[PDB]
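Heads up: the structure comes next, in structure tokens.
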Amino acid sequence: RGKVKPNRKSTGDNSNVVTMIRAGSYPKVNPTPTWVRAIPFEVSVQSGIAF
Amino acid sequence: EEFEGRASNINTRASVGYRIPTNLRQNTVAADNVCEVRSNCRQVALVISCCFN
Amino acid sequence: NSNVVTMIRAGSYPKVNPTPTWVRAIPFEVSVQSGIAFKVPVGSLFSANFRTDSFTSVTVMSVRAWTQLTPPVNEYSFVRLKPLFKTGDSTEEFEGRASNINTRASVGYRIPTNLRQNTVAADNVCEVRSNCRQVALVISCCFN
Amino acid sequence: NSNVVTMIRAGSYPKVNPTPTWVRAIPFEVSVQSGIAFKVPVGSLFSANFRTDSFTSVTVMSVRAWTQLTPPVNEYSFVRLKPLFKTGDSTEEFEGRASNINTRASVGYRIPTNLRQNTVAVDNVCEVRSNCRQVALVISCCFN
Amino acid sequence: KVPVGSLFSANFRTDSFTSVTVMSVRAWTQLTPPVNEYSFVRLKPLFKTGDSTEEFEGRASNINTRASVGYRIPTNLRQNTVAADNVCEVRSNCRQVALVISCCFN
Amino acid sequence: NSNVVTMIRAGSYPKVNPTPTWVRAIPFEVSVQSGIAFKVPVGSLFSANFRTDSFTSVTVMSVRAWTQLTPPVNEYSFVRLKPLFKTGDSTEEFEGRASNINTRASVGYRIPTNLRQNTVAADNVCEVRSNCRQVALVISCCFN
Amino acid sequence: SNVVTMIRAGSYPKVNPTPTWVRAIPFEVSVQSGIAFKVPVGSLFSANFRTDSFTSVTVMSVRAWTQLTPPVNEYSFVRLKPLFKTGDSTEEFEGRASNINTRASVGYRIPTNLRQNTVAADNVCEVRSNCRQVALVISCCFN
Amino acid sequence: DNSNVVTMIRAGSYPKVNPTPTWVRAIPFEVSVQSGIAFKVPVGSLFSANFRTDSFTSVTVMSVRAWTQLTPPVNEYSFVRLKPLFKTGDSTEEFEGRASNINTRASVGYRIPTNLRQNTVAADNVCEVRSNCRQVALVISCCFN
Amino acid sequence: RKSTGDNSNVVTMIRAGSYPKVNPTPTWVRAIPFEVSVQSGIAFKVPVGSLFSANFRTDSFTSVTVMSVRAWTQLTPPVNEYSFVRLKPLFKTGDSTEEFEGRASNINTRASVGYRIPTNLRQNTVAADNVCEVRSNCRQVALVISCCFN
RNA sequence: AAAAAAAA
RNA sequence: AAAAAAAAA
RNA sequence: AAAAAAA
RNA sequence: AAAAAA
RNA sequence: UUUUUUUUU
RNA sequence: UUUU
RNA sequence: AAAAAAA
RNA sequence: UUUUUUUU
RNA sequence: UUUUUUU
RNA sequence: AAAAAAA
RNA sequence: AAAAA
RNA sequence: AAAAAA
RNA sequence: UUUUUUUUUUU
RNA sequence: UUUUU
Ligand SMILES: [Cl-]
Ligand SMILES: [Cl-]
Ligand SMILES: [Mg+2]
Ligand SMILES: [Mg+2]
């Protein structure tokens with residue numbers, strides 16, 4: 001391989017500094033994606049009629 | 001269908017739901033309706049599980 | 001599977017939240033001048049074009065940058081990123097250069113968990129430096 | 001293997017259908033302008049150039065796009081795809097950008113099984129946005 | 001054109017339903033074919049999102065025997081239909097066709 | 001699968017074909033005269049009623065025949081098939097009879113791989129002899 | 001079983017009064033010195049082979065033997081050049097005799113892709129030899 | 001894959017050849033039968049250009065099968081009987097088959113044992129055929145030589 | 001110990017027997033590369049006679065069994081366009097209506113595509129015959145044909 | 001199961 | 001359910 | 001295996 | 001099998 | 001794995 | 001348990 | 001790839 | 001191994 | 001996965 | 001051993 | 001069990 | 001085997 | 001990281 | 001390897 005550019009990522013899952021991300025080609029993007037949600041809202045009913 | 005639930009305690013809410021099968025899961029715009037709600041109470045709370053797209 | 005509606009034997013009313021969090025990967029562009037750094041504003045993430053205009057704060061996790069336009073004549077594209085923090089800006093210049101003049105230059109940096117706090121629209125994400133006039137950004141963040 | 005004809009001990013007249021279905025990937029081009037979306041019509045799939053002039057309906061499964069012409073000067077190619085449905089058009093903008101100016105920009109989306117209904121010539125598949133003047137489309141569908 | 005309204009009837013206990021999801025449609029010739037002919041029956045599925053062009057045909061190998069054929073509706077096309085809608089077209093050399101439609105009333 | 005559209009990370013433009021092949025079974029009927037053989041034309045396969053009017057050649061793999069109408073009085077139905085080729089016509093008479101007067105008479109033959117060349121509309125498939133005046137055919141072939 | 005037994009026959013089966021029959025047809029041809037002779041396919045259809053009821057045949061392999069003695073001081077040889085309607089070949093499969101009193105043999109096999117039918121007007125192959133006659137054995141499928 | 005060109009065969013000495021070999025066949029042909037009368041099936045019916053067998057003068061019959069070719073009389077069911085005949089001695093068996101449906105053919109057959117599988121020339125008779133149908137279809141598994 | 005021998009330094013004798021079966025003009029499997037001129041919107045029929053040439057050592061053949069055809073664009077495409085190429089197989093028993101198309105995802109990169117002929121359609125073709133039609137936005141296309149000369 | 005001819 | 005067509009992402 | 005049905 | 005990521 | 005052709009319980 |  | 005089954 | 005038999 | 005009849 | 005090719 | 005580096 | 005540390 | 005044909009010693 | 005039954 002080679003030698004180092006010192007990004008001190010301590011123990012991998014426990015770094016306390018910013019670490020360089022070796023990015024590549026521009027990915028597939030979507031600024032307006034989907035969203036699965038559970039929407040809570042109230043509706044008003046009368047006694048004997050449907051709504 | 002009239003999927004109905006009744007509260008066994010006068011102080012407790014009455015609950016009931018229904019699941020939509022996969023063959024009937026298309027899109028619905030604002031002008032559309034979801035379901036008809038009937039109750040002896042003046043207001044009903046709804047929690048709708050859905051996918052926004 | 002089932003072809004008709006089925007009853008859901010629901011119980012007590014559950015814990016709800018009409019305005020939940022959202023983990024996203026926001027793509028947007030910024031203009032970059034030659035020899036000048038551009039402080040990427042956090043407010044660029046809050047927009048109706050990203051469905052995030054309902055938020056006021058966001059937790060940035062990683063930042064990635066690509067060159068959006070062609071470099072000057074005879075040069076290879078490059079891009080730099082300097083992480084900015086309200087508790088103290090950094091001095092790293094995570095630089096990425098292209099090996100083909102016709103190809104973009106990409107680079108990024110990951111924010112440590114200890115430096116993942118909320119940021120408002122007035123704040124800035126990072127400084128960007130490039131020989132190209134535009135930089136394509138994709139920021140992995142947490143809207144709350 | 002053999003070298004001459006062989007007799008087939010046939011039985012009752014089977015179930016026949018002179019006009020069956022056909023799963024295809026239809027390649028055709030559309031003209032796109034800068035900053036404006038083009039609604040790709042489903043009628044483009046029905047033509048004698050695709051052996052589908054006998055079908056009146058089709059079930060689209062997945063749509064893929066490719067920039068068919070070169071991007072403007074100093075820019076990289078991109079292409080957006082907004083899925084359209086008769087029960088409700090979407091707002092997604094699946095976008096793919098080219099990392100090389102001389103290379104196409106590719107993106108695509110898959111229609112879920114719950115949304116795979118028939119579409120006639122009057123209907124539209126998706127909106128296509130691109131900085132390139134034309135876009136190549138390969139639509140995996142089921143003609144019926 | 002076979003109307004969906006033929007499914008909502010008191011003769012089937014279904015006069016309380018207004019919509020139905022059809023799963024599979026199969027048809028049998030109900031009367032004898034013309035002279036010198038073997039029976040046949042065709043079915044062209046119809047949908048509100050797009051009519052089809054398939055002619056699922058079945059023929060009888062015996063002139064005294066019915067001709068039968070059917071088609072299955074995929075899960076992605078199993079939506080509701082009301083009385084104003086049509087299930088499919090029917091073509092045959094016989095003057096009546098018996099249909100046994102497997103559906104889900106809701 | 002899911003209930004919403006998903007993004008496809010498409011790559012380079014694929015190798016496409018707008019007019020592909022199609023293997024089918026084509027049901028079509030022919031009229032036969034008493035004591036007279038009838039040559040089956042290959043042009044009967046190419047038709048808008050079979051979605052094959054876009055093809056000009058076809059490779060036939062097998063032929064199957066049924067008596068379409070009733071036989072003469074006191075007789076049981078029979079049908080013969082003599083294969084034909086442009087390199088040389090055959091003399092085989094693959095004959096099938098009915099054991100019940102009301103039942104169709106059926107027979108079929110298979111073409112070996114070495115004899116599976118293309119045939120145009122001007123060519124002929126086989127000869128059909130029968131005491132009935134109509135014979136139904138279901139030919140398994142490859143349109144190209 | 002030394003007596004007739006009863007066969008419980010069922011429905012009328014599929015019949016074919018004129019089947020295909022696979023054969024190995026032997027015949028001879030006259031050859032001149034230096035001249036190549038085209039072997040006609042029509043020789044395969046003859047009452048001497050029980051094949052006068054056939055009009056087509058699918059050839060699979062051809063084998064050749066010298067039928068007469070070679071010229072003086074020479075050893076027998078024979079060459080075969082395959083011929084097709086889609087295009088003639090230029091191969092000359094040759095076999096020579098290591099004994100002057102012994103025949104010479106050679107043969108070629110027709111691959112599956114080239115095993116189409118041939119009528120009487122066609123030709124099988126070209127034959128060259130120093131002997132004035134050649135004996136051919138053609139493994140073919142009549143139909 | 002398969003070979004796509006002509007390939008040389010390394011043939012040797014001239015082999016044993018035979019231009020007029022034998023042929024195991026199943027010959028279909030029809031015969032006309034009257035009511036209450038038995039029709040002797042001639043062996044010469046097997047030798048014809050319609051069967052590619054006019055070059056054979058002898059044949060060794062192995063088994064015979066019959067089917068009624070025409071409809072039976074009114075209100076009756078089809079039947080057919082077969083009586084094996086040999087030059088060394090005619091049998092007296094009447095292998096009969098009846099149709100359980102008036103619209104269906106009647107069928108029956110008989111197998112010849114290897115000891116009785118000699119040759120028969122055109123002037124010989126295979127069997128006798130009785131039936132209430134005016135025509136019978138015959139399928140004879142035999143070995144031509 | 002003493003059994004090492006496959007590297008000969010001198011001539012050795014060959015104990016030959018009877019005269020073998022010989023063929024002075026045998027077959028040959030090849031991959032013939034050549035180019036053709038293509039016009040815009042016009043289909044060019046590729047002649048089989050292009051295979052029989054002294055430039056390929058195949059000028060002695062008169063027939064060939066084509067197995068597969070591959071095509072690459074030989075010149076640059078028009079301005080703003082990516083290269084493409086199409087192929088339509090042709091047969092003496094009946095021409096095909098398929099147009100196997102392969103485009104270029106890079107304007108500077110060739111466009112490639114090819115098709116394989118099935119065993120049932122691998123017959124001989126003489127010089128007067130044609131292999132396939134070729135369409136391309138480029139003015140020249142390069143071909144490589146895997147074929148069996150005979 | 002079946003009289004007849006056989007059969008360590 | 002032979003080919004053509006998304007992929008186990 | 002889907003739907004309706006008892007603890 | 002949604003949206004993010006050694 | 002799916003759409004149409006052929007095989008085999 | 002009711003269906004094709 | 002030809003005769004009488006294919007369980 | 002010849003003619004009648006025994007749960008599709 | 002039964003086998004027996006000429007290239 | 002020598003002629004397509006394949007990631 | 002024979003030879004020739 | 002650099003510089004930090006249950 | 002996997003083949004069709006021209007000769008070809010040796011297990 | 002090369003030369004010999
Ligand atoms: Cl300029
Ligand atoms: Cl030495
Ligand atoms: Mg309450
Ligand atoms: Mg009867």
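Every chain in the structure tokens takes a letter, A first, then B, and so on in the order presented; its residues are numbered from 1, and the ligands are numbered from 1 following the presented order.
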Hey, which residues come within 12 Å of ligand 1 if we count only C-alpha atoms (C1' of nucleotides) and all ligand atoms? Could you give them as an mmCIF file with N, CA and C atoms, in the first residue's frame?
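Result went into result_1.cif, see below:
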```cif
data_model
loop_
_atom_site.group_PDB
_atom_site.id
_atom_site.type_symbol
_atom_site.label_atom_id
_atom_site.label_comp_id
_atom_site.auth_asym_id
_atom_site.auth_seq_id
_atom_site.Cartn_x
_atom_site.Cartn_y
_atom_site.Cartn_z
ATOM 1 N N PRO D 72 -24.498 21.620 -21.788
ATOM 2 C CA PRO D 72 -24.011 22.956 -22.139
ATOM 3 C C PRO D 72 -22.546 23.121 -21.772
ATOM 4 N N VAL D 73 -21.968 24.210 -22.278
ATOM 5 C CA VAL D 73 -20.559 24.471 -22.046
ATOM 6 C C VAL D 73 -20.321 24.694 -20.564
ATOM 7 N N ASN D 74 -19.248 24.086 -20.055
ATOM 8 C CA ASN D 74 -18.774 24.194 -18.673
ATOM 9 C C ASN D 74 -19.628 23.418 -17.678
#
```
Write out chain F, as a short mmCIF file (atom, residue, chain, number, x, y, z; two decimals) with C-alpha atoms, in the first residue's frame, after superposing it onto chain C by least squares using every C-alpha atom paired in order.
```cif
data_model
loop_
_atom_site.label_atom_id
_atom_site.label_comp_id
_atom_site.auth_asym_id
_atom_site.auth_seq_id
_atom_site.Cartn_x
_atom_site.Cartn_y
_atom_site.Cartn_z
CA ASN F 1 -51.23 -10.98 1.85
CA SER F 2 -54.99 -10.84 1.32
CA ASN F 3 -57.01 -8.99 -1.34
CA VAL F 4 -59.51 -7.15 0.91
CA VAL F 5 -59.42 -4.89 3.95
CA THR F 6 -58.95 -6.47 7.37
CA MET F 7 -59.91 -5.36 10.86
CA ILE F 8 -57.26 -4.08 13.26
CA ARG F 9 -57.91 -4.81 16.96
CA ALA F 10 -56.42 -1.51 18.03
CA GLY F 11 -55.93 -0.73 21.70
CA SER F 12 -55.23 2.39 23.72
CA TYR F 13 -54.39 5.61 21.92
CA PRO F 14 -50.66 5.50 21.09
CA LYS F 15 -47.94 8.04 21.74
CA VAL F 16 -47.90 10.19 18.62
CA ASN F 17 -45.75 12.91 17.07
CA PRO F 18 -47.08 15.04 14.18
CA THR F 19 -43.67 16.62 13.43
CA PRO F 20 -40.99 13.92 13.68
CA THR F 21 -37.31 14.03 12.78
CA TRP F 22 -35.87 13.18 9.34
CA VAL F 23 -32.35 12.13 8.35
CA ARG F 24 -31.60 13.02 4.74
CA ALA F 25 -28.95 13.76 2.14
CA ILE F 26 -29.59 17.27 0.82
CA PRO F 27 -28.10 18.05 -2.63
CA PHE F 28 -27.56 21.77 -3.16
CA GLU F 29 -25.06 23.82 -5.14
CA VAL F 30 -23.05 26.90 -4.17
CA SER F 31 -21.16 29.53 -6.18
CA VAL F 32 -17.41 29.87 -5.56
CA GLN F 33 -15.00 32.59 -6.65
CA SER F 34 -11.38 32.14 -7.66
CA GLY F 35 -8.92 32.10 -4.76
CA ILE F 36 -11.72 32.99 -2.36
CA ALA F 37 -13.28 30.73 0.28
CA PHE F 38 -17.07 30.55 0.62
CA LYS F 39 -18.88 29.75 3.88
CA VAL F 40 -21.75 27.28 3.43
CA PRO F 41 -24.86 28.51 5.27
CA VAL F 42 -26.95 26.07 7.25
CA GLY F 43 -30.07 27.88 6.03
CA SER F 44 -29.56 26.32 2.60
CA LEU F 45 -30.75 23.00 4.04
CA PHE F 46 -34.10 24.42 5.18
CA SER F 47 -36.11 24.83 1.99
CA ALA F 48 -39.43 23.85 0.46
CA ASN F 49 -37.35 22.28 -2.33
CA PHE F 50 -36.05 19.80 0.27
CA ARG F 51 -39.33 19.29 2.18
CA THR F 52 -37.50 20.74 5.21
CA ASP F 53 -38.96 24.26 5.38
CA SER F 54 -40.81 23.08 8.52
CA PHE F 55 -37.54 22.55 10.41
CA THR F 56 -35.44 25.22 12.11
CA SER F 57 -32.45 23.22 13.42
CA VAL F 58 -30.38 20.36 12.02
CA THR F 59 -27.54 18.12 13.19
CA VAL F 60 -25.01 17.67 10.40
CA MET F 61 -23.23 14.30 10.33
CA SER F 62 -21.06 14.49 7.21
CA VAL F 63 -20.30 16.75 4.26
CA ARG F 64 -19.41 15.74 0.69
CA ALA F 65 -18.41 18.12 -2.12
CA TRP F 66 -18.07 17.88 -5.91
CA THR F 67 -16.94 20.41 -8.49
CA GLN F 68 -20.08 21.39 -10.36
CA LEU F 69 -18.53 23.11 -13.41
CA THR F 70 -15.36 22.78 -15.46
CA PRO F 71 -11.98 23.98 -14.14
CA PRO F 72 -9.86 26.74 -15.69
CA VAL F 73 -7.98 25.83 -18.83
CA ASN F 74 -4.93 23.54 -18.44
CA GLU F 75 -5.94 22.73 -14.83
CA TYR F 76 -7.47 19.74 -13.08
CA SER F 77 -10.40 20.36 -10.76
CA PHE F 78 -9.81 20.60 -7.03
CA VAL F 79 -12.08 21.19 -4.03
CA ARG F 80 -11.23 21.81 -0.37
CA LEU F 81 -13.39 21.67 2.75
CA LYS F 82 -12.67 23.38 6.07
CA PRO F 83 -15.05 22.33 8.87
CA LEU F 84 -16.67 25.05 10.97
CA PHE F 85 -18.20 24.83 14.44
CA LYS F 86 -19.77 27.28 16.86
CA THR F 87 -17.54 25.96 19.63
CA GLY F 88 -14.47 26.42 17.43
CA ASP F 89 -13.67 26.48 13.72
CA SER F 90 -11.24 23.94 12.31
CA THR F 91 -8.15 24.48 10.18
CA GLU F 92 -8.29 21.19 8.23
CA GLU F 93 -8.32 21.47 4.43
CA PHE F 94 -9.71 18.14 3.24
CA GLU F 95 -8.78 18.53 -0.43
CA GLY F 96 -9.73 16.33 -3.37
CA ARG F 97 -8.37 16.67 -6.91
CA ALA F 98 -9.28 15.11 -10.23
CA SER F 99 -6.91 12.96 -12.27
CA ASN F 100 -8.91 13.73 -15.45
CA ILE F 101 -9.62 17.31 -16.52
CA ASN F 102 -13.18 16.36 -17.54
CA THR F 103 -13.89 14.59 -14.22
CA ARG F 104 -15.27 16.12 -11.04
CA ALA F 105 -13.03 16.65 -8.02
CA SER F 106 -14.55 15.24 -4.86
CA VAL F 107 -13.84 15.24 -1.14
CA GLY F 108 -15.76 14.84 2.10
CA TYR F 109 -15.41 14.83 5.86
CA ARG F 110 -17.24 13.21 8.77
CA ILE F 111 -18.26 14.96 11.99
CA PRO F 112 -17.62 12.95 15.18
CA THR F 113 -20.48 12.22 17.54
CA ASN F 114 -19.09 14.60 20.18
CA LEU F 115 -19.27 17.47 17.65
CA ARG F 116 -22.81 16.68 16.42
CA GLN F 117 -24.79 19.53 17.93
CA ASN F 118 -27.66 21.44 16.36
CA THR F 119 -27.14 24.31 13.92
CA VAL F 120 -29.59 27.05 12.99
CA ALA F 121 -29.96 28.87 9.68
CA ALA F 122 -27.66 31.71 10.82
CA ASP F 123 -24.74 29.31 11.37
CA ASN F 124 -22.27 27.99 8.80
CA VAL F 125 -21.27 24.46 7.84
CA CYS F 126 -17.84 24.76 6.22
CA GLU F 127 -15.70 26.69 3.73
CA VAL F 128 -15.39 25.64 0.08
CA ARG F 129 -12.35 26.49 -2.06
CA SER F 130 -12.08 25.51 -5.71
CA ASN F 131 -10.73 26.69 -9.03
CA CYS F 132 -14.21 26.00 -10.40
CA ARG F 133 -16.96 28.57 -9.92
CA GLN F 134 -19.63 26.15 -8.64
CA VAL F 135 -19.47 23.28 -6.15
CA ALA F 136 -22.18 20.68 -5.56
CA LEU F 137 -22.79 19.45 -2.01
CA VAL F 138 -24.51 16.39 -0.54
CA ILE F 139 -24.79 16.80 3.24
CA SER F 140 -25.89 13.89 5.43
CA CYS F 141 -27.66 15.43 8.42
CA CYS F 142 -30.50 14.95 10.90
CA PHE F 143 -33.31 17.51 10.81
CA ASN F 144 -34.91 18.15 14.19
#
```
Got a sec to tell me which of chain A DSSP assigns to strand (DSSP E or B), as number ranges by chain?
-> A: 19-21, 28-29, 35-44
Residue neighbourhood residue 6 (chain S), 12 Å, only C-alpha atoms (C1' of nucleotides), exclusion window fewer than 4 positions, as a ChimeraX atom specification | /V:1-3
Pick out the chain Q residues within 12 Å of chain G. Count only C-alpha atoms (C1' of nucleotides). Give them as a PDB file with C-alpha atoms (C1' of nucleotides), in the first residue's frame.
```
ATOM      1  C1'   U Q   1     -45.540 -69.964 -20.281  1.00  0.00           C
ATOM      2  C1'   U Q   2     -52.123 -70.705 -22.346  1.00  0.00           C
ATOM      3  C1'   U Q   3     -57.925 -69.192 -19.798  1.00  0.00           C
TER       4        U Q   3
END
```
Which chains and residue numbers are within 8 Å of ligand 2, counting only C-alpha atoms (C1' of nucleotides) and all ligand atoms, if I want them as a list in words?
-> residues 4 and 5 of chain T; 1 and 2 of chain W
For ligand 4, collect every residue having any atom at a distance of at most 6 Å from a ligand atom (counting only C-alpha atoms (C1' of nucleotides) and all ligand atoms); output as a ChimeraX atom specification.
-> /H:72,77-78,99,101-105
Let's have the selection written as a PDB file, in the first residue's frame, with C-alpha atoms.
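What ended up in again-v6.pdb:
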```
ATOM      1  CA  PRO H  72     -72.331 -49.133 -36.865  1.00  0.00           C
ATOM      2  CA  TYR H  77     -72.640 -50.760 -30.814  1.00  0.00           C
ATOM      3  CA  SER H  78     -69.572 -51.367 -32.960  1.00  0.00           C
ATOM      4  CA  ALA H  99     -67.429 -50.277 -28.260  1.00  0.00           C
ATOM      5  CA  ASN H 101     -70.316 -45.951 -26.901  1.00  0.00           C
ATOM      6  CA  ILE H 102     -72.165 -45.959 -30.228  1.00  0.00           C
ATOM      7  CA  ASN H 103     -70.062 -42.997 -31.394  1.00  0.00           C
ATOM      8  CA  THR H 104     -66.776 -44.703 -30.427  1.00  0.00           C
ATOM      9  CA  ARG H 105     -64.786 -47.282 -32.386  1.00  0.00           C
TER      10      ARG H 105
END
```
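Near residue 9 (chain V), within 12 Å and counting only C-alpha atoms (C1' of nucleotides), sit residues 5, 6, 7, 8, 12, 13, 14 and 15 of chain I; same-chain residues fewer than 4 positions away were not included.
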Shell of 6 Å around ligand 3 (only C-alpha atoms (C1' of nucleotides) and all ligand atoms), written as a PyMOL selection string | chain B and resi 12-14
Go ahead and write the selection's residues with C-alpha atoms as a PDB file, in the first residue's frame.
```
ATOM      1  CA  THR B  12     -62.468   4.862  28.145  1.00  0.00           C
ATOM      2  CA  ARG B  13     -62.121   5.529  24.429  1.00  0.00           C
ATOM      3  CA  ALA B  14     -63.573   3.213  21.800  1.00  0.00           C
TER       4      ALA B  14
END
```
Would you kindly return, as a count of residues only, each protein, DNA or RNA residue with an atom no farther than 10 Å from any atom of residue 5 (chain V), considering only C-alpha atoms (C1' of nucleotides) and excluding same-chain residues fewer than 2 positions away?
-> 9
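Omitting residue 54 (chain G) and its sequence neighbours fewer than 3 positions away, and counting only C-alpha atoms (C1' of nucleotides), the residues within 10 Å are residues 89, 90, 91 and 92 of chain F; 18, 19, 20, 42, 44, 45, 46, 50, 51, 57, 119, 120, 142 and 143 of chain G; 52 of chain H.
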Selection file, C-alpha atoms, as a PDB file, in the first residue's frame:
```pdb
ATOM      1  CA  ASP F  89     -40.153 -31.463 -49.469  1.00  0.00           C
ATOM      2  CA  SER F  90     -40.922 -34.528 -47.380  1.00  0.00           C
ATOM      3  CA  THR F  91     -43.164 -37.492 -48.169  1.00  0.00           C
ATOM      4  CA  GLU F  92     -44.226 -38.298 -44.594  1.00  0.00           C
TER       5      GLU F  92
ATOM      6  CA  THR G  18     -44.523 -43.315 -45.103  1.00  0.00           C
ATOM      7  CA  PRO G  19     -41.857 -42.860 -42.406  1.00  0.00           C
ATOM      8  CA  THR G  20     -38.337 -41.453 -42.734  1.00  0.00           C
ATOM      9  CA  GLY G  42     -30.612 -38.584 -57.181  1.00  0.00           C
ATOM     10  CA  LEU G  44     -29.811 -42.175 -53.439  1.00  0.00           C
ATOM     11  CA  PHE G  45     -33.394 -42.561 -54.743  1.00  0.00           C
ATOM     12  CA  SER G  46     -33.647 -45.929 -56.496  1.00  0.00           C
ATOM     13  CA  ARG G  50     -35.972 -49.388 -51.612  1.00  0.00           C
ATOM     14  CA  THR G  51     -35.985 -45.558 -51.729  1.00  0.00           C
ATOM     15  CA  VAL G  57     -32.821 -36.799 -47.954  1.00  0.00           C
ATOM     16  CA  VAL G 119     -33.229 -33.258 -53.936  1.00  0.00           C
ATOM     17  CA  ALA G 120     -32.211 -35.289 -56.988  1.00  0.00           C
ATOM     18  CA  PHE G 142     -34.451 -39.992 -46.086  1.00  0.00           C
ATOM     19  CA  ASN G 143     -37.737 -38.140 -45.655  1.00  0.00           C
TER      20      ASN G 143
ATOM     21  CA  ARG H  52     -42.680 -47.652 -49.310  1.00  0.00           C
TER      22      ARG H  52
END
```
When you get a sec, could you note down which chain N residues fall within 10 Å of chain D, using only C-alpha atoms (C1' of nucleotides), as a PyMOL selection string?
-> chain N and resi 2-4
Shell of 8 Å around region 3-7 of chain R, only C-alpha atoms (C1' of nucleotides), local chain residues under 4 positions omitted, as a PyMOL selection string | (chain G and resi 22-24) or (chain H and resi 21-24) or (chain P and resi 3)
Write out the residues from the selection above, keeping C-alpha atoms (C1' of nucleotides), as a PDB file, in the first residue's frame.
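Contents of the output file out-v7.pdb:
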```
ATOM      1  CA  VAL G  22     -32.122 -43.859 -41.822  1.00  0.00           C
ATOM      2  CA  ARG G  23     -29.868 -45.648 -44.301  1.00  0.00           C
ATOM      3  CA  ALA G  24     -26.297 -46.218 -45.480  1.00  0.00           C
TER       4      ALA G  24
ATOM      5  CA  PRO H  21     -32.193 -54.244 -45.832  1.00  0.00           C
ATOM      6  CA  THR H  22     -35.143 -55.207 -43.682  1.00  0.00           C
ATOM      7  CA  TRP H  23     -37.697 -52.939 -42.018  1.00  0.00           C
ATOM      8  CA  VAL H  24     -39.832 -53.318 -38.903  1.00  0.00           C
TER       9      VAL H  24
ATOM     10  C1'   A P   3     -41.220 -51.643 -33.185  1.00  0.00           C
TER      11        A P   3
END
```
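Coordinates place CA of residue 107 (chain D) at a distance of 19.0 Å from CA of residue 81 (chain I).
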Output the contact residues of chain A with respect to chain B at a cut-off of 7 Å, based on only C-alpha atoms, as a ChimeraX atom specification.
-> /A:34-47,49-51
What residues in chain E get the DSSP label helix (DSSP H, G or I)? Please answer as an MDAnalysis selection string.
-> chainID E and resid 4:6 10:12 75:77
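One distance worth recording is that between CA of residue 85 (chain G) and CA of residue 33 (chain I), which is 26.8 Å.
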